[PDB]
Amino acid sequence: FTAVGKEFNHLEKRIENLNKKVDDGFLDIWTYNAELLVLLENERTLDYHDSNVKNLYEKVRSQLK
Amino acid sequence: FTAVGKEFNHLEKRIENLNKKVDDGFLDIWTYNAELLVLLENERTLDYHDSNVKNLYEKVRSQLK
Amino acid sequence: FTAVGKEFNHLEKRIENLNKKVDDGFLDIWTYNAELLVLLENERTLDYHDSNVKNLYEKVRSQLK
């Protein structure tokens, strides 16, 4: 019977809410990383055709899904 | 009686400690983002008066509370 | 008897899996921060000998363990 109890559901929903907080926080971080990168690449600071620069685009792309 | 039991409190405190780890980790990340940004803006790399650059300051400000 | 029950172990393993997700996510973020920084420092954008620039290397080093 524990999975219908109040206490099990309290803890479960706290886990779920933390997992959501982590997902939304990671999305916020990686959206920031994307917004910064594209500005930095607008300069001669970072060149889009350098393979090390493409590595960053590819990570950001993959993180934003 | 479960909320006074040892097991419920063990799990609850693990949740709490994870939530703290997430908060402190996000604060570390966003403090880093702030420290990097202000250095990058010291250059002509990023211009503080560009509206896309202000977007980044505003996100960092909001994240650091 | 609760620590051998199914429900306690279900919640515990969810905590553990979330903690792993957080660790792996933070490592991904800080690896990205390292990869970006070293590219930015390749330019006159950021000078490795400036003490504020060394602060960033030191944080990244410490985060990657």
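Per the PDB record, the structure was determined using X-ray crystallography to 1.70 Å resolution.

The PDB entry annotates chain A as Hemagglutinin tri-stalk originating from Influenza A virus. Here the entry title, as the record gives it, is "Three dimensional structure of a novel influenza hemagglutinin tri-stalk protein".

Draft legend 1. Geometry of the relation of the copies chain C and chain B. At an RMSD of 0.0 Å, chain C and chain B line up after a rotation of 120° and a shift of 0.0 Å along the axis. Overall, the copies show the geometry of a three-fold rotation axis.

Draft legend 2. How the structure looks around the nonpolar core. Ranked by size, the top nonpolar core spans 57 residues in total, and within it A:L36, B:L36 and C:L36 carry the most contacts. Elements represented by at least two residues in this core include exactly α1 (6-42) and α2 (51-63) of chain A, α1 (6-42) and α2 (51-63) of chain B together with α1 (6-42) and α2 (51-63) of chain C. Beyond its immediate chain neighbours, meaning those up to four positions away, A:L36 contacts B:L36, B:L40, B:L46, B:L56 and C:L36.

Draft legend 3. Region of interest: the interface of chain C and chain B. Every contact between the two is made by 29 residues of chain C and, on the other side, 20 residues of chain B. The set of elements that each furnish at least two residues to the side of chain C that touches chain B consists of α1 and α2 of chain C. Counting residues per element, the side of chain C that touches chain B draws most heavily on α1(C), at 16 residues. Grouping the constituent residues of the side of chain C that touches chain B by class yields 16 nonpolar, seven polar and six charged.

Draft legend 4. Representation of the interface of chain C and chain A. Contacts between chain C and chain A engage 20 residues on the former and 29 residues on the latter. Looking at the side of chain C that touches chain A, its residues break down into ten nonpolar, four polar and six charged.

Draft legend 5. Molecular detail of unusual backbone geometry. Residue and element names in this part refer to chain A. Of note, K65 is a non-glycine position whose phi angle comes to about 85°, a positive value. Structurally, the position occupied by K65 is in the segment after α2. Residue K65 is classed as exposed on the basis of its relative accessible area, which comes to 84%.

Draft legend 6. Spotlight on α2(A). Look at α2(A): 18 Å from first C-alpha to last across 13 residues, which is about the 18 Å you get at 1.5 Å a residue. Listed in full, the buried residues belonging to α2(A) are A:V53, A:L56, A:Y57 and A:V60. All buried residues of α2(A) fall inside an arc of 95° around its axis, so they share one side. In this structure, α2(A) carries A:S51 and A:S62 as exposed residues pointing more than 90 degrees from its buried face. Buried residues along α2(A) sit against α1 of chain A together with α1 of chain C. Of the residues that open α2(A), the one with a side-chain oxygen 3.2 Å from the backbone nitrogen of A:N52 is A:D50. A:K65 occupies a position one or two residues after α2(A) and carries a positive phi of about 85°.

Definitions and limits used
- Residues numbered from 1 in each chain as written, not as in the entry; some residues may be left out.
- Chains lettered and ligands numbered in written order.
- Heavy atoms only, no water.
- Residues with missing side-chain atoms left out of burial classes, pairs and counts.
- Least-squares fit on C-alpha atoms.
- Core = buried A, V, L, I, M, F, W, Y, C linked by side-chain atoms within 4.5 Å.
- Buried < 20%, exposed > 50% of the residue type's maximum accessible area, 1.4 Å probe, protein only.
- Helix = DSSP H or I, 4+ residues; strand = E, 2+ residues; numbered from the N terminus.
- Contact = heavy atoms within 4.5 Å.
- Nonpolar A, V, L, I, M, F, W, Y, C, P; charged D, E, K, R; others polar.
- Expected span 1.5 Å × (residues − 1).
- Arc of directions from axis to C-beta.
- Polar contact = N/O pair within 3.5 Å; in protein donor to acceptor, adjacent residues only side chain to side chain.

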